[PDB]
$ cat my_file20.pdb   # PDB, C-alpha atoms
ATOM      1  CA  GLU A   1    -123.376   5.521 148.425  1.00  0.00           C
ATOM      2  CA  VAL A   2    -127.085   5.304 149.199  1.00  0.00           C
ATOM      3  CA  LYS A   3    -128.662   8.712 149.748  1.00  0.00           C
ATOM      4  CA  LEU A   4    -132.083   9.915 150.813  1.00  0.00           C
ATOM      5  CA  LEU A   5    -132.891  13.533 151.632  1.00  0.00           C
ATOM      6  CA  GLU A   6    -136.272  14.792 152.824  1.00  0.00           C
ATOM      7  CA  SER A   7    -137.672  18.161 151.736  1.00  0.00           C
ATOM      8  CA  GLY A   8    -140.519  19.479 153.863  1.00  0.00           C
ATOM      9  CA  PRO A   9    -142.164  22.759 154.858  1.00  0.00           C
ATOM     10  CA  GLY A  10    -141.084  22.815 158.497  1.00  0.00           C
ATOM     11  CA  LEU A  11    -144.067  24.876 159.660  1.00  0.00           C
ATOM     12  CA  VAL A  12    -147.687  23.935 158.945  1.00  0.00           C
ATOM     13  CA  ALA A  13    -150.841  25.434 160.408  1.00  0.00           C
ATOM     14  CA  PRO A  14    -153.433  23.055 161.905  1.00  0.00           C
ATOM     15  CA  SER A  15    -156.010  21.679 159.409  1.00  0.00           C
ATOM     16  CA  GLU A  16    -153.546  22.101 156.508  1.00  0.00           C
ATOM     17  CA  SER A  17    -151.892  19.342 154.495  1.00  0.00           C
ATOM     18  CA  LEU A  18    -148.279  18.139 154.424  1.00  0.00           C
ATOM     19  CA  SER A  19    -146.182  17.351 151.343  1.00  0.00           C
ATOM     20  CA  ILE A  20    -142.677  15.936 151.849  1.00  0.00           C
ATOM     21  CA  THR A  21    -140.284  14.945 149.057  1.00  0.00           C
ATOM     22  CA  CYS A  22    -137.722  12.146 149.408  1.00  0.00           C
ATOM     23  CA  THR A  23    -134.964  12.740 146.851  1.00  0.00           C
ATOM     24  CA  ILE A  24    -133.080   9.462 146.505  1.00  0.00           C
ATOM     25  CA  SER A  25    -129.833   8.393 144.864  1.00  0.00           C
ATOM     26  CA  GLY A  26    -127.601   5.341 144.765  1.00  0.00           C
ATOM     27  CA  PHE A  27    -130.441   2.850 144.243  1.00  0.00           C
ATOM     28  CA  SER A  28    -133.378   2.207 141.918  1.00  0.00           C
ATOM     29  CA  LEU A  29    -137.015   2.925 142.744  1.00  0.00           C
ATOM     30  CA  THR A  30    -137.955   0.058 140.416  1.00  0.00           C
ATOM     31  CA  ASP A  31    -136.231  -2.424 142.759  1.00  0.00           C
ATOM     32  CA  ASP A  32    -136.336  -1.139 146.346  1.00  0.00           C
ATOM     33  CA  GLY A  33    -139.274   0.110 148.382  1.00  0.00           C
ATOM     34  CA  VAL A  34    -139.434   3.348 150.365  1.00  0.00           C
ATOM     35  CA  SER A  35    -141.247   3.760 153.691  1.00  0.00           C
ATOM     36  CA  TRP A  36    -142.310   6.829 155.651  1.00  0.00           C
ATOM     37  CA  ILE A  37    -141.617   6.939 159.395  1.00  0.00           C
ATOM     38  CA  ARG A  38    -142.180   9.729 161.905  1.00  0.00           C
ATOM     39  CA  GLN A  39    -140.815  10.366 165.398  1.00  0.00           C
ATOM     40  CA  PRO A  40    -142.743  12.687 167.728  1.00  0.00           C
ATOM     41  CA  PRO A  41    -140.594  14.457 170.339  1.00  0.00           C
ATOM     42  CA  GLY A  42    -140.138  12.035 173.214  1.00  0.00           C
ATOM     43  CA  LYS A  43    -142.334   9.347 171.609  1.00  0.00           C
ATOM     44  CA  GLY A  44    -141.626   6.139 169.723  1.00  0.00           C
ATOM     45  CA  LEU A  45    -141.077   5.661 166.012  1.00  0.00           C
ATOM     46  CA  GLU A  46    -144.258   5.409 163.938  1.00  0.00           C
ATOM     47  CA  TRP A  47    -144.466   3.750 160.525  1.00  0.00           C
ATOM     48  CA  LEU A  48    -146.810   5.517 158.103  1.00  0.00           C
ATOM     49  CA  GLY A  49    -146.681   3.548 154.862  1.00  0.00           C
ATOM     50  CA  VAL A  50    -144.580   2.121 152.068  1.00  0.00           C
ATOM     51  CA  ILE A  51    -144.427   2.134 148.283  1.00  0.00           C
ATOM     52  CA  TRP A  52    -142.802  -1.017 146.940  1.00  0.00           C
ATOM     53  CA  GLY A  53    -140.616  -1.391 143.864  1.00  0.00           C
ATOM     54  CA  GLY A  54    -143.609  -2.492 141.814  1.00  0.00           C
ATOM     55  CA  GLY A  55    -145.743   0.398 143.067  1.00  0.00           C
ATOM     56  CA  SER A  56    -147.818  -1.407 145.706  1.00  0.00           C
ATOM     57  CA  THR A  57    -148.765   1.084 148.429  1.00  0.00           C
ATOM     58  CA  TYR A  58    -149.591  -0.017 151.974  1.00  0.00           C
ATOM     59  CA  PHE A  59    -150.502   2.338 154.808  1.00  0.00           C
ATOM     60  CA  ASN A  60    -150.684   2.265 158.581  1.00  0.00           C
ATOM     61  CA  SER A  61    -154.329   1.842 159.567  1.00  0.00           C
ATOM     62  CA  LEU A  62    -154.108   4.790 161.980  1.00  0.00           C
ATOM     63  CA  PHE A  63    -153.689   7.216 159.053  1.00  0.00           C
ATOM     64  CA  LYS A  64    -155.060   5.453 155.921  1.00  0.00           C
ATOM     65  CA  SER A  65    -157.762   8.071 155.346  1.00  0.00           C
ATOM     66  CA  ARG A  66    -155.327  10.982 155.033  1.00  0.00           C
ATOM     67  CA  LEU A  67    -152.107   9.470 153.637  1.00  0.00           C
ATOM     68  CA  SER A  68    -150.858   9.310 150.049  1.00  0.00           C
ATOM     69  CA  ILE A  69    -147.547   7.862 148.856  1.00  0.00           C
ATOM     70  CA  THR A  70    -146.523   8.400 145.221  1.00  0.00           C
ATOM     71  CA  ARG A  71    -143.220   8.639 143.356  1.00  0.00           C
ATOM     72  CA  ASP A  72    -141.468   9.725 140.149  1.00  0.00           C
ATOM     73  CA  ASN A  73    -138.794   7.254 139.050  1.00  0.00           C
ATOM     74  CA  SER A  74    -137.269   9.570 136.436  1.00  0.00           C
ATOM     75  CA  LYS A  75    -136.768  12.293 139.054  1.00  0.00           C
ATOM     76  CA  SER A  76    -135.843   9.662 141.700  1.00  0.00           C
ATOM     77  CA  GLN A  77    -138.346  11.115 144.159  1.00  0.00           C
ATOM     78  CA  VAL A  78    -140.943   9.712 146.562  1.00  0.00           C
ATOM     79  CA  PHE A  79    -143.779  11.921 147.802  1.00  0.00           C
ATOM     80  CA  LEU A  80    -145.709  11.801 151.077  1.00  0.00           C
ATOM     81  CA  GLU A  81    -149.005  13.666 151.450  1.00  0.00           C
ATOM     82  CA  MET A  82    -150.989  13.888 154.696  1.00  0.00           C
ATOM     83  CA  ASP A  83    -154.353  15.606 155.208  1.00  0.00           C
ATOM     84  CA  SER A  84    -156.076  17.306 158.150  1.00  0.00           C
ATOM     85  CA  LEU A  85    -152.849  17.829 160.084  1.00  0.00           C
ATOM     86  CA  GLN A  86    -153.082  18.671 163.777  1.00  0.00           C
ATOM     87  CA  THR A  87    -150.715  19.253 166.705  1.00  0.00           C
ATOM     88  CA  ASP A  88    -150.311  15.504 167.336  1.00  0.00           C
ATOM     89  CA  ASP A  89    -148.506  15.158 163.991  1.00  0.00           C
ATOM     90  CA  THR A  90    -145.570  17.313 165.135  1.00  0.00           C
ATOM     91  CA  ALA A  91    -142.642  14.969 164.528  1.00  0.00           C
ATOM     92  CA  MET A  92    -139.404  14.362 162.664  1.00  0.00           C
ATOM     93  CA  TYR A  93    -140.375  12.675 159.386  1.00  0.00           C
ATOM     94  CA  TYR A  94    -138.046  10.174 157.714  1.00  0.00           C
ATOM     95  CA  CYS A  95    -138.032   8.311 154.449  1.00  0.00           C
ATOM     96  CA  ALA A  96    -136.190   4.994 154.522  1.00  0.00           C
ATOM     97  CA  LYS A  97    -135.082   2.602 151.791  1.00  0.00           C
ATOM     98  CA  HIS A  98    -135.670  -1.154 151.910  1.00  0.00           C
ATOM     99  CA  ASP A  99    -133.713  -4.033 150.426  1.00  0.00           C
ATOM    100  CA  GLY A 100    -136.309  -4.695 147.744  1.00  0.00           C
ATOM    101  CA  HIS A 101    -139.062  -5.850 150.073  1.00  0.00           C
ATOM    102  CA  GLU A 102    -137.476  -7.317 153.219  1.00  0.00           C
ATOM    103  CA  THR A 103    -135.497  -5.042 155.558  1.00  0.00           C
ATOM    104  CA  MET A 104    -135.558  -1.245 155.947  1.00  0.00           C
ATOM    105  CA  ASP A 105    -131.898  -0.465 155.260  1.00  0.00           C
ATOM    106  CA  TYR A 106    -131.048   3.224 155.027  1.00  0.00           C
ATOM    107  CA  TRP A 107    -132.695   6.273 156.573  1.00  0.00           C
ATOM    108  CA  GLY A 108    -132.703   9.865 155.391  1.00  0.00           C
ATOM    109  CA  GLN A 109    -131.574  12.974 157.221  1.00  0.00           C
ATOM    110  CA  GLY A 110    -135.153  13.548 158.364  1.00  0.00           C
ATOM    111  CA  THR A 111    -137.117  16.799 158.188  1.00  0.00           C
ATOM    112  CA  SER A 112    -138.622  18.374 161.301  1.00  0.00           C
ATOM    113  CA  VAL A 113    -142.318  19.253 160.966  1.00  0.00           C
ATOM    114  CA  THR A 114    -143.836  21.478 163.658  1.00  0.00           C
ATOM    115  CA  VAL A 115    -147.599  22.068 163.794  1.00  0.00           C
ATOM    116  CA  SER A 116    -148.798  25.140 165.701  1.00  0.00           C
ATOM    117  CA  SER A 117    -151.477  27.728 164.939  1.00  0.00           C
ATOM    118  CA  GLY A 118    -149.121  30.535 165.981  1.00  0.00           C
ATOM    119  CA  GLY A 119    -150.366  30.667 169.574  1.00  0.00           C
ATOM    120  CA  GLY A 120    -147.551  28.256 170.450  1.00  0.00           C
ATOM    121  CA  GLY A 121    -149.923  25.724 171.995  1.00  0.00           C
ATOM    122  CA  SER A 122    -152.483  26.113 174.731  1.00  0.00           C
ATOM    123  CA  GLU A 123    -152.376  23.342 177.353  1.00  0.00           C
ATOM    124  CA  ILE A 124    -149.099  24.185 179.210  1.00  0.00           C
ATOM    125  CA  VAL A 125    -146.385  21.528 178.853  1.00  0.00           C
ATOM    126  CA  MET A 126    -144.309  20.420 181.852  1.00  0.00           C
ATOM    127  CA  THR A 127    -140.966  19.187 180.588  1.00  0.00           C
ATOM    128  CA  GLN A 128    -139.057  16.914 182.948  1.00  0.00           C
ATOM    129  CA  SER A 129    -135.416  16.224 182.966  1.00  0.00           C
ATOM    130  CA  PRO A 130    -133.968  13.702 183.151  1.00  0.00           C
ATOM    131  CA  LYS A 131    -136.102  10.809 182.110  1.00  0.00           C
ATOM    132  CA  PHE A 132    -133.784   8.241 183.560  1.00  0.00           C
ATOM    133  CA  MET A 133    -131.308   8.234 186.406  1.00  0.00           C
ATOM    134  CA  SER A 134    -128.978   5.616 187.789  1.00  0.00           C
ATOM    135  CA  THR A 135    -127.859   6.566 191.263  1.00  0.00           C
ATOM    136  CA  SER A 136    -125.789   5.166 194.108  1.00  0.00           C
ATOM    137  CA  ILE A 137    -127.017   5.021 197.697  1.00  0.00           C
ATOM    138  CA  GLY A 138    -126.237   8.305 199.427  1.00  0.00           C
ATOM    139  CA  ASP A 139    -125.922  10.587 196.403  1.00  0.00           C
ATOM    140  CA  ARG A 140    -127.900  13.784 195.930  1.00  0.00           C
ATOM    141  CA  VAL A 141    -129.935  14.059 192.772  1.00  0.00           C
ATOM    142  CA  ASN A 142    -132.046  16.674 191.011  1.00  0.00           C
ATOM    143  CA  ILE A 143    -135.118  16.462 188.841  1.00  0.00           C
ATOM    144  CA  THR A 144    -136.318  19.585 187.136  1.00  0.00           C
ATOM    145  CA  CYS A 145    -139.547  20.403 185.509  1.00  0.00           C
ATOM    146  CA  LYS A 146    -140.039  23.402 183.215  1.00  0.00           C
ATOM    147  CA  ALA A 147    -143.357  25.050 182.346  1.00  0.00           C
ATOM    148  CA  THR A 148    -144.224  26.784 179.041  1.00  0.00           C
ATOM    149  CA  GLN A 149    -145.874  29.510 181.131  1.00  0.00           C
ATOM    150  CA  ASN A 150    -145.481  31.106 184.556  1.00  0.00           C
ATOM    151  CA  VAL A 151    -147.459  28.761 186.813  1.00  0.00           C
ATOM    152  CA  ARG A 152    -146.186  30.570 189.951  1.00  0.00           C
ATOM    153  CA  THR A 153    -146.001  27.902 192.669  1.00  0.00           C
ATOM    154  CA  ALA A 154    -148.968  25.741 191.568  1.00  0.00           C
ATOM    155  CA  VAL A 155    -146.667  22.713 191.272  1.00  0.00           C
ATOM    156  CA  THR A 156    -146.873  19.365 193.079  1.00  0.00           C
ATOM    157  CA  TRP A 157    -144.123  16.721 193.119  1.00  0.00           C
ATOM    158  CA  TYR A 158    -145.205  13.082 193.487  1.00  0.00           C
ATOM    159  CA  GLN A 159    -143.373   9.785 193.936  1.00  0.00           C
ATOM    160  CA  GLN A 160    -144.823   6.488 192.676  1.00  0.00           C
ATOM    161  CA  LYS A 161    -143.217   3.211 193.713  1.00  0.00           C
ATOM    162  CA  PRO A 162    -143.536   0.282 191.278  1.00  0.00           C
ATOM    163  CA  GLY A 163    -147.030  -1.169 191.355  1.00  0.00           C
ATOM    164  CA  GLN A 164    -148.341   1.454 193.797  1.00  0.00           C
ATOM    165  CA  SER A 165    -150.244   4.737 193.640  1.00  0.00           C
ATOM    166  CA  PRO A 166    -148.550   8.147 193.427  1.00  0.00           C
ATOM    167  CA  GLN A 167    -147.889   9.922 196.710  1.00  0.00           C
ATOM    168  CA  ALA A 168    -147.345  13.626 197.300  1.00  0.00           C
ATOM    169  CA  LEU A 169    -143.758  14.609 198.087  1.00  0.00           C
ATOM    170  CA  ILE A 170    -143.779  18.392 197.621  1.00  0.00           C
ATOM    171  CA  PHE A 171    -146.717  20.780 197.356  1.00  0.00           C
ATOM    172  CA  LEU A 172    -146.795  24.423 196.273  1.00  0.00           C
ATOM    173  CA  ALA A 173    -143.332  24.132 194.696  1.00  0.00           C
ATOM    174  CA  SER A 174    -141.301  24.065 197.910  1.00  0.00           C
ATOM    175  CA  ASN A 175    -143.257  22.603 200.862  1.00  0.00           C
ATOM    176  CA  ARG A 176    -142.908  19.007 202.036  1.00  0.00           C
ATOM    177  CA  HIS A 177    -146.130  17.042 202.303  1.00  0.00           C
ATOM    178  CA  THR A 178    -147.124  15.588 205.665  1.00  0.00           C
ATOM    179  CA  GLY A 179    -144.953  12.639 206.659  1.00  0.00           C
ATOM    180  CA  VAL A 180    -142.327  13.266 203.961  1.00  0.00           C
ATOM    181  CA  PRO A 181    -138.664  12.743 204.943  1.00  0.00           C
ATOM    182  CA  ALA A 182    -136.719  15.983 205.239  1.00  0.00           C
ATOM    183  CA  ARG A 183    -134.278  14.839 202.532  1.00  0.00           C
ATOM    184  CA  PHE A 184    -136.821  15.559 199.781  1.00  0.00           C
ATOM    185  CA  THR A 185    -136.854  19.294 199.039  1.00  0.00           C
ATOM    186  CA  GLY A 186    -138.607  21.460 196.466  1.00  0.00           C
ATOM    187  CA  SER A 187    -137.384  24.654 194.818  1.00  0.00           C
ATOM    188  CA  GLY A 188    -138.789  26.963 192.193  1.00  0.00           C
ATOM    189  CA  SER A 189    -141.315  29.620 191.244  1.00  0.00           C
ATOM    190  CA  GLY A 190    -142.506  30.636 187.805  1.00  0.00           C
ATOM    191  CA  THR A 191    -141.272  28.346 185.040  1.00  0.00           C
ATOM    192  CA  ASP A 192    -138.510  26.102 186.448  1.00  0.00           C
ATOM    193  CA  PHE A 193    -138.900  23.779 189.432  1.00  0.00           C
ATOM    194  CA  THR A 194    -136.483  21.373 191.100  1.00  0.00           C
ATOM    195  CA  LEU A 195    -137.098  18.313 193.257  1.00  0.00           C
ATOM    196  CA  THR A 196    -133.910  17.465 195.158  1.00  0.00           C
ATOM    197  CA  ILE A 197    -133.272  14.155 196.914  1.00  0.00           C
ATOM    198  CA  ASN A 198    -130.430  14.153 199.426  1.00  0.00           C
ATOM    199  CA  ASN A 199    -129.194  10.891 200.952  1.00  0.00           C
ATOM    200  CA  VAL A 200    -130.701   8.548 198.378  1.00  0.00           C
ATOM    201  CA  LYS A 201    -132.047   5.518 200.236  1.00  0.00           C
ATOM    202  CA  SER A 202    -133.042   2.144 198.814  1.00  0.00           C
ATOM    203  CA  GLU A 203    -136.779   2.798 199.152  1.00  0.00           C
ATOM    204  CA  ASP A 204    -136.403   5.880 196.924  1.00  0.00           C
ATOM    205  CA  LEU A 205    -136.400   3.552 193.895  1.00  0.00           C
ATOM    206  CA  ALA A 206    -139.568   4.826 192.208  1.00  0.00           C
ATOM    207  CA  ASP A 207    -140.916   7.105 189.461  1.00  0.00           C
ATOM    208  CA  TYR A 208    -141.073  10.836 190.196  1.00  0.00           C
ATOM    209  CA  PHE A 209    -143.111  13.468 188.402  1.00  0.00           C
ATOM    210  CA  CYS A 210    -144.334  17.068 188.547  1.00  0.00           C
ATOM    211  CA  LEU A 211    -147.831  18.460 188.084  1.00  0.00           C
ATOM    212  CA  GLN A 212    -149.005  22.003 187.410  1.00  0.00           C
ATOM    213  CA  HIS A 213    -152.369  23.184 188.667  1.00  0.00           C
ATOM    214  CA  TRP A 214    -152.322  26.816 187.584  1.00  0.00           C
ATOM    215  CA  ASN A 215    -154.659  26.546 184.593  1.00  0.00           C
ATOM    216  CA  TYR A 216    -156.873  23.889 183.053  1.00  0.00           C
ATOM    217  CA  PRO A 217    -156.139  21.277 182.054  1.00  0.00           C
ATOM    218  CA  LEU A 218    -153.872  19.965 184.791  1.00  0.00           C
ATOM    219  CA  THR A 219    -150.772  18.567 183.103  1.00  0.00           C
ATOM    220  CA  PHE A 220    -148.049  16.247 184.397  1.00  0.00           C
ATOM    221  CA  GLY A 221    -144.396  15.861 183.594  1.00  0.00           C
ATOM    222  CA  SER A 222    -143.295  12.942 181.454  1.00  0.00           C
ATOM    223  CA  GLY A 223    -141.807  11.261 184.542  1.00  0.00           C
ATOM    224  CA  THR A 224    -138.404  10.185 185.821  1.00  0.00           C
ATOM    225  CA  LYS A 225    -137.355   6.683 186.880  1.00  0.00           C
ATOM    226  CA  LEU A 226    -134.761   6.368 189.649  1.00  0.00           C
ATOM    227  CA  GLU A 227    -132.530   3.293 189.525  1.00  0.00           C
ATOM    228  CA  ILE A 228    -130.050   2.402 192.264  1.00  0.00           C
ATOM    229  CA  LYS A 229    -126.690   0.739 191.582  1.00  0.00           C
TER     230      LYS A 229
END

$ encode --input "my_file20.pdb" --output "structure tokens"
Amino acid sequence: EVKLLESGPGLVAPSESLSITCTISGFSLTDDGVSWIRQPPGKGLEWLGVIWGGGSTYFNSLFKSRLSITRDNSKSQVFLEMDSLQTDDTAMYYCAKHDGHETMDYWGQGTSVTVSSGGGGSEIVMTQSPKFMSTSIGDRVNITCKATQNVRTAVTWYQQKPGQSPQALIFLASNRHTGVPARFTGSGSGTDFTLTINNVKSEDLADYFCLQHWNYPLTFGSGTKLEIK
């Protein structure tokens, strides 16, 4: 059984370093290489670097300056070290084992690394749910958007059809923009907000998103694509 388990701090303050330990078993560090991957919340997978069975270390150019990958074959451990950590580096960090040098075979449990000064973050994050939705014509669907702070009613809901510009659906949380069909409705005040579409029509196939305008900077929701069966 091939095993890899990450050991990491979990909480790191901005500008500090990061040292994660991949404790491996079931294979030989002399033969197989080990890579470091990270997954930010709601982002794609990001490859950091690799140490090969002979010791050759390659790094992703985006980090290069601040990455270090070492190991200890007697202890069966591979070490990652990153410098000048900031909020952007908040991600789930994995170590993965290759088949010698070709294909990345087996992943570890992953260790979650969160970077925050203690103020929890400062920009106000609008979290949308759901990111995707497959609907039938005539259903009623909800999209919600949650704020990390009371933004009162300073929330605007936009629709953006494919290859077009966004267009205001709801303004001030609950009021329909001019010329908006009465089937789009807005609810909410404070932290949670809800765009509701009754009687889903074919032209509703678009990308919907929220925006807060309580405090700078203005921040949008990640978006929501509406597909129709």

$ resolve_selection --input "my_file20.pdb" --expression "the PyMOL selection byres ((chain A and resi 96) around 9)" --output "PyMOL selection string"
chain A and resi 4+22+33-37+94-95+97-98+104-108

$ resolve_selection --input "my_file20.pdb" --expression "the PyMOL selection byres ((chain A and resi 156-161) around 12)" --output "ChimeraX atom specification"
/A:126,128,143-145,151-155,162-177,180,184-189,193-197,202-214,218-221,223-227

$ closest_residue --input "my_file20.pdb" --among "A:117, A:15, A:87, A:111" --to "residue 39 of chain A" --atoms "only C-alpha atoms"
A:111

$ resolve_selection --input "my_file20.pdb" --expression "the PyMOL selection byres ((chain A and resi 112) around 12)" --output "list in words"
residues 6, 7, 8, 9, 10, 11, 12, 18, 20, 37, 38, 39, 40, 41, 89, 90, 91, 92, 93, 94, 108, 109, 110, 111, 113, 114 and 115 of chain A

$ atom_distance --input "my_file20.pdb" --atom1 "atom CA of residue 51 of chain A" --atom2 "atom CA of residue 13 of chain A"
27.0 Å

$ residues_near_point --input "my_file20.pdb" --point "(-135.9, 14.1, 139.3)" --cutoff "12 Å" --atoms "only C-alpha atoms" --output "VMD selection string"
chain A and resid 21 to 25 29 71 to 79
